[PDB]
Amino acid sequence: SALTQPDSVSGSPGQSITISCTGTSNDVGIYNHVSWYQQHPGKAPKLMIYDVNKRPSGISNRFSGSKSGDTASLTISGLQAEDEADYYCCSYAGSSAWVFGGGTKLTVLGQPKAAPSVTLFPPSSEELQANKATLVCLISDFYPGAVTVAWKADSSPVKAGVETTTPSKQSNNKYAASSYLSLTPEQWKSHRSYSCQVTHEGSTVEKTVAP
């Protein structure tokens, strides 16, 4: 079993935060072999703190580590937007074994938000002639990277056949995602309209298509 970390921590620029990492009397409590790692989404982790409180070359002194009993802690002073990442603790567990923590996601508040742009395409006639139908809902240029997608036939919710991707970063500092509604050609021609509803930070953008 792993080391217990808080699931998420939040702070605004300039603020200081602390991430806990609770172990047992067989790892964190006995050994000084405690490390901290920063990981941006899709990238390899990066060593930030080793031997409880030591920093590798080049690592800013804003990052500090400490240990009290069975709980190791990582403090980040002068929080900046680039510090947004997943942070993992790791400890020696005896018998040449190592254990990782559950991971903590650090969010930096006060960042400018961006509403999503939505483009919705109806099923192509070539796909309909293949006895299939797919509605494609494309979402781009939103920040932060979190959206919820809901589909509706006329005005009734539809959950069967909905496939939605996780948000992914664009070439700028915005995010993109997409959602697909698979349905039969009869279902497509049955209703007067279909709508893809994208919710982002409490507000919703809706686009409609009709046969």
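Quick note: we count residues from 1 along the sequence shown, nothing fancier.
For the pair 23-31 and 171-179, the record assigns the higher mean C-alpha temperature factor to 23-31.
Two stretches are in play, 202-210 and 3-11, and the higher mean C-alpha B-factor belongs to 3-11. Highest CA B-factor among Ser57, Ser64, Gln38, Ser155, as stated in the entry: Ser155. Comparing the listed residues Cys90, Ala85, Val118, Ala130, the entry records the largest Cα B-factor for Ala130. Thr18: CA B factor lies in the highest third for its chain, per the PDB record. Looking at the C-alpha B-factors along this chain, the one for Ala81 belongs to the highest third. Per-chain ranking of the deposited C-alpha B factor places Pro144 in the middle third. Per the PDB record, residue ranking by Cα B-factor puts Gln197 in the lowest third of the chain.
Ranked against the other modelled residues of its chain, the C-alpha B-factor of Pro45 as given in the entry falls in the lowest third.
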